There are 2 protein chains.
Amino acid sequence: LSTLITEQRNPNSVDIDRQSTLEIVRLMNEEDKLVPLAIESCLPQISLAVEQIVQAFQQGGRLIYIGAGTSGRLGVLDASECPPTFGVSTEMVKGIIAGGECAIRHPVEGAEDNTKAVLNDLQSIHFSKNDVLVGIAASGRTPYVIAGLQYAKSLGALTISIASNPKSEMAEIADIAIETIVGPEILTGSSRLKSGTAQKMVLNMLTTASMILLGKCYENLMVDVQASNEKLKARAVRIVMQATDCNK
Amino acid sequence: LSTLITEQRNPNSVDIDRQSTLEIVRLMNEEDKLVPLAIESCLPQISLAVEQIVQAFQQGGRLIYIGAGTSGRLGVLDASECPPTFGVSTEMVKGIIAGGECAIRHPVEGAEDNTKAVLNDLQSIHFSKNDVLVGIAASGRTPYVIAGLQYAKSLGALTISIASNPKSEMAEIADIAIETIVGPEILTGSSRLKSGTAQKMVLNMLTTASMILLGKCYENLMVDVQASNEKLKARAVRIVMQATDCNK
């Protein structure tokens with residue numbers, strides 16, 4: 001844990017437990033400003049991932065996310081938004097979380113250390129060399145994710161790692177390593193903060209960019225939207241009008 | 001929908017469906033840089049919310065999040081991280097999502113328009129004037145959330161609104177209005193992007209700041225961590241050492 005930035009103490013928060021409410025949120029905001037800068041540095045790798053994901057998609061493959069705790073939950077979150085936004089099948093982008101569905105709401109004892117469970121999770125969805133696997137873990141050393149990436153790599157599938165520590169074991173295994181160096185968290189080890197934000201930003205790019213390139217968009221209009229409520233239904237009507245000056 | 005920034009088209013993405021992969025992710029990154037700036041503007045309101053949440057917590061109340069779709073999922077995500085990070089009961093911070101558990105993975109037809117369902121959802125957890133209710137909706141007009149805030153307000157509970165459009169109906173009802181003006185999304189109406197990031201950042205501040213003030217922290221060390229895996233167990237040992245120069 002001593003060689004991980006994610007586990008490092010932030011010099012600016014040493015006396016955070018003695019600072020005013022405003023000073024605490026201000027400090028959190030200043031650190032937040034650093035996350036977009038950390039992603040900018042990874043754009044070349046993120047872009048490559050999108051290119052590779054689009055090709056896989058065109059080959060009939062799926063985009064698979066794996067992770068534990070918060071990282072896993074973010075993969076589930078991003079995946080859940082693809083069908084309603086781009087009108088795609090729920091199978092196109094799948095988010096897998098260590099520990100199963102119970103892990104979405106709460107932690108599952110030793111879930112991220114189960115190196116055998118990930119193989120079962122991937123075999124259950126018939127993971128194949130045609131799919132793309134994105135391993136998400138701020139530490140870059142989550143056993144469950146390392147094993148998932150190793151398995152996928154051995155099968156012949158393209159692998160991508162998203163982690164917050166440089167030269168991680170995950171990055172050493174993955175074909176494409178996205179390293180979001182966000183720096184020490186305000187609360188030491190609280191990766192749910194800056195790394196969580198970084199992961200959401202990267203995941204959003206992987207799906208948004210890939211879906212746009214696949215045609216699930218016209219100009220900057222969400223033409224493949226799945227209206228499931230009044231707002232979205234009213235937006236669908238609005239889109240049609242914006243694309244071609246007509247009326248309701 | 002024509003008076004909502006969230007539904008506005010972004011001038012910089014008009015031909016996004018015709019741009020290279022790198023140009024797409026770059027544009028998304030430039031827009032992302034704007035989110036922390038949008039939060040900075042709300043710090044005074046966010047800080048006030050924390051102060052009020054801490055008092056409620058000290059009075060025995062809970063922090064309750066309500067939202068639909070992505071907004072609801074983020075409230076669930078933030079809530080799920082409090083027990084393992086601050087060692088608190090699962091009842092202290094609760095995330096409620098329109099549509100029930102099914103809504104975590106996928107959309108539930110008309111869930112965000114059900115103004116009666118929110119009353120049932122709040123009554124089920126015995127919501128009271130002693131609790132604090134945070135209504136989360138980028139549009140600021142989600143019927144399910146508006147009704148939730150109205151009910152809570154009438155009961156006598158402190159209410160907080162988090163939305164991305166100024167002077168929303170939610171902000172008009174809530175006691176404290178946090179307005180994260182992030183600007184038009186790259187994909188028109190795709191609030192899962194900038195507004196989602198903004199909401200996560202605000203929620204993270206509400207719980208991190210409040211928990212720190214309650215003593216669920218020492219210096220910047222996560223002393224109340226709940227070790228559920230080798231990493232966290234190794235961190236607990238590390239924390240003890242960092243606080244007082246001892247050894248394993």
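A note on names: the letters A, B, ... follow the listed sequences, proteins ahead of strands, and every chain is numbered from 1. These numbers come from the heavy atoms of this one structure, side chains and all, not from hydrogens, waters or symmetry mates.
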S.K.: Taking side chain as C-beta onward, heavy atoms only, is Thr188(A) less than 4.5 Å from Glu219(B)?
M.R.: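 Contact flag for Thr188(A)/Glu219(B) side chains = no.
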S.K.: So, taking the atom named OG1 in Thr21(A) and the one named CZ in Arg26(A), what distance separates them when rounded to the nearest 0.5 Å?
M.R.: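 Between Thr21(A) OG1 and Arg26(A) CZ, I get 13.5 Å after rounding to 0.5 Å.
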S.K.: Which atoms form the tightest heavy-atom contact between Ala138(B) and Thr6(B), and what is the distance?
M.R.: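 Here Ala138(B) and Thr6(B) meet closest at O-CG2, 3.5 Å.
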S.K.: Looking at side-chain heavy atoms only, is the closest gap between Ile66(B) and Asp121(B) below 4.5 Å?
M.R.: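 They are not in side-chain contact.
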S.K.: If every non-hydrogen atom of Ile125(B) is compared with every non-hydrogen atom of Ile64(B), which pair is closest and at what distance?
M.R.: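 The answer is CD1-CD1, 3.8 Å.
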S.K.: Short question: side chain of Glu185(A), backbone of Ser195(A) - any donor-acceptor pair under 3.5 Å?
M.R.: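 At least one qualifying donor-acceptor pair exists.
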S.K.: Measure across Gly67(B) and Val145(B) and return the closest heavy-atom pair with its distance rounded to 0.1 Å.
M.R.: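 Smallest interatomic distance, heavy atoms only, reads CA-CG2, 4.1 Å.
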S.K.: Counting only heavy atoms not in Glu172(B) (residues, nucleotides, ligands), do more than 12 fall under 6.0 Å from its CD?
M.R.: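 No, the 6.0 Å shell around CD holds no more than 12 heavy atoms from other groups.
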S.K.: Report the distance from atom CG of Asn10(A) to atom NZ of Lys194(A), rounding to the nearest 0.5 Å.
M.R.: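 Atom-to-atom, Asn10(A):CG and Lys194(A):NZ are 5.5 Å apart.
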S.K.: Quick check against the 3.5 Å criterion: does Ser210(B) have a side-chain atom that pairs as donor or acceptor with the backbone of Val54(B)?
M.R.: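 Checked: no pair found.
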S.K.: How far does NZ of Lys216(B) sit from CD1 of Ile212(B), to the nearest 0.5 angstrom?
M.R.: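 So the NZ of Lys216(B) and the CD1 of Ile212(B) are separated by 12.5 Å.
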S.K.: Would a 4.5 Å heavy-atom cut-off, applied to side chains only, mark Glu7(B) and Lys231(A) as touching?
M.R.: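 In contact.
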S.K.: Between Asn120(B) and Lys116(B) (side chain of the first, backbone of the second, donor and acceptor by atom type, cut-off under 3.5 Å), is there such a pair?
M.R.: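 Checking the backbone N and O of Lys116(B) against the side chain of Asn120(B), a donor-acceptor pair under 3.5 Å is found.
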S.K.: Taking atom types as modelled, is there a side-chain donor on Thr207(B) or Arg192(A) under 3.5 Å from an acceptor on the other?
M.R.: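 There is such a pair between these side chains.
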S.K.: Which atoms form the tightest heavy-atom contact between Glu179(B) and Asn165(B), and what is the distance?
M.R.: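 Closest approach of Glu179(B) to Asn165(B), heavy atoms only: OE2-O, 3.9 Å.
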S.K.: Find out whether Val93(A) and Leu206(A) are in side-chain contact, i.e. whether some heavy atom of one side chain is under 4.5 Å from a heavy atom of the other.
M.R.: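 The answer is no, as the side chains (C-beta and beyond) never meet within the 4.5 Å cut-off.
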S.K.: Apply the side-chain contact (heavy atoms from CB on, under 4.5 Å) test between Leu213(B) and each candidate in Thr208(B), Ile53(B), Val50(B); give the one that qualifies.
M.R.: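 Only one of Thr208(B), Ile53(B), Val50(B) forms a side-chain contact (heavy atoms from CB on, under 4.5 Å) with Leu213(B), namely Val50(B).
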S.K.: Evaluate the criterion side-chain contact (heavy atoms from CB on, under 4.5 Å) for residue pair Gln55(B) and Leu158(B); output intermediate values, then yes/no.
M.R.: CA-CA 11 Å; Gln55(B) 282 177 52; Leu158(B) 177 82; over 6 Å; no
S.K.: So, taking the atom named CG in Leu193(A) and the one named CG in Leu187(A), what distance separates them when rounded to the nearest 0.5 Å?
M.R.: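 Separation between the atoms: 7.0 Å.
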S.K.: Does any N or O in the side chain of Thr115(B) come within less than 3.5 Å of the main-chain N or O of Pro143(B), such that one atom is a donor and the other an acceptor?
M.R.: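 Side chain of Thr115(B) to backbone of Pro143(B), a donor-acceptor pair under 3.5 Å: no, none is there.
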S.K.: Can you check whether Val182(B)'s main-chain N or O pairs, donor with acceptor, with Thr180(B)'s side chain at less than 3.5 Å?
M.R.: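 No.
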S.K.: Sorted by first residue and then second, give each side-chain hydrogen bond (donor to acceptor under 3.5 Å, both in side chains) pair with at least one member in residues 102-111 of chain B; sequence neighbours left out.
M.R.: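 Only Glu101(A)-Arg105(B) qualify under side-chain hydrogen bond (donor to acceptor under 3.5 Å, both in side chains).
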S.K.: My understanding is that only residues two or more places apart in sequence, or in another chain, count here; which of them pass side chain to side chain contact (heavy atoms under 4.5 Å, CB included) with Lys33(A)?
M.R.: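 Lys33(A) satisfies side chain to side chain contact (heavy atoms under 4.5 Å, CB included) with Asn29(A), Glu30(A), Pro36(B), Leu37(B), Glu40(B) once adjacent residues are dropped.
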S.K.: Have a look at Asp131(B) and tell me which of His126(B), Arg62(B), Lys94(B) forms a side-chain contact (heavy atoms from CB on, under 4.5 Å) with it.
M.R.: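 The single option meeting the side-chain contact (heavy atoms from CB on, under 4.5 Å) with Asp131(B) is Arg62(B).
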S.K.: Does atom NZ of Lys129(B) have more than 12 heavy-atom neighbours, drawn from other residues, nucleotides or ligands, at distances under 6.0 Å?
M.R.: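 Atom NZ in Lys129(B) is not crowded, with 12 or fewer foreign heavy atoms closer than 6.0 Å.
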S.K.: Is there a donor-acceptor contact under 3.5 Å from the side chain of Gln226(B) to the main chain of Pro83(B)?
M.R.: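 A pair under 3.5 Å: yes.
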S.K.: Could you tell me whether the side chains of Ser71(B) and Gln199(B) share a donor-acceptor contact shorter than 3.5 Å?
M.R.: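 Distance-only check passes for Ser71(B) and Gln199(B).
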S.K.: Please report the C-alpha distance between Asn220(A) and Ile186(B) in whole Å, then the side-chain angles of each, then the deciding distance to 0.1 Å, and finally whether the side-chain contact (heavy atoms from CB on, under 4.5 Å) criterion is met.
M.R.: CA-CA 7 Å; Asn220(A) 53 16; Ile186(B) 212 61; over 6 Å; no
S.K.: Can you find a heavy atom in the side chain of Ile16(A) that is under 4.5 Å from one in the side chain of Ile24(A)?
M.R.: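 Yes, side chains in contact.
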S.K.: Under the side-chain contact (heavy atoms from CB on, under 4.5 Å) criterion, do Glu81(A) and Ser190(B) qualify, and how do the steps go?
M.R.: CA-CA 10 Å; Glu81(A) 310 163 319; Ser190(B) 195; over 6 Å; no
S.K.: Restricting to non-hydrogen atoms, name the atom on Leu149(B) and the atom on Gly135(B) that form the minimum distance, rounded to 0.1 Å.
M.R.: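 Minimum heavy-atom separation between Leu149(B) and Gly135(B): CD2-N, 3.8 Å.
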S.K.: Flag the pair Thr85(A) / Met222(A) as yes when at least one side-chain heavy-atom distance between them is below 4.5 Å, and no otherwise.
M.R.: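 Of all side-chain heavy-atom pairs linking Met222(A) with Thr85(A), at least one is under 4.5 Å.
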S.K.: For the pair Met205(B) and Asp32(A), evaluate side-chain contact (heavy atoms from CB on, under 4.5 Å) and give the outcome as yes or no after the intermediate values.
M.R.: CA-CA 11 Å; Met205(B) 294 174 157; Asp32(A) 283 340; 3.9 Å; yes
S.K.: Does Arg73(A) reach the main-chain N or O of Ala103(A) with its side chain, forming a donor-acceptor pair under 3.5 Å?
M.R.: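 Indeed, once roles are kept as given, a pair shorter than 3.5 Å links the two residues.
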S.K.: Could you grab the distance from atom CD1 of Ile46(A) to atom CD1 of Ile178(A), nearest 0.5 Å is fine?
M.R.: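 That separation rounds to 5.0 Å.
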S.K.: Got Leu74(A) and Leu77(B) here, is their nearest side-chain heavy-atom distance under 4.5 Å?
M.R.: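 In contact.
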S.K.: Using a 3.5 Å distance criterion without hydrogens, assess whether the side chain of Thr142(B) forms a donor-acceptor pair with backbone atoms of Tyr144(B).
M.R.: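 Side chain of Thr142(B) to backbone of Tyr144(B), a donor-acceptor pair under 3.5 Å: no, none is there.
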S.K.: First locate atom CD1 of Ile136(A), then atom OG1 of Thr70(A), and finally report the distance between them rounded to the nearest 0.5 Å.
M.R.: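 Answer for the CD1-OG1 pair, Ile136(A) versus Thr70(A), is 11.5 Å.
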S.K.: Which heavy atom of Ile5(B) sits nearest to which heavy atom of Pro166(B), and what is that distance?
M.R.: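 Distance-wise, the nearest heavy atoms are CD1-CD, 3.8 Å.
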S.K.: Are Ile173(B) and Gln150(B) side-chain neighbours, meaning at least one heavy-atom pair lies under 4.5 Å?
M.R.: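 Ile173(B) vs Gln150(B): side chains touch.
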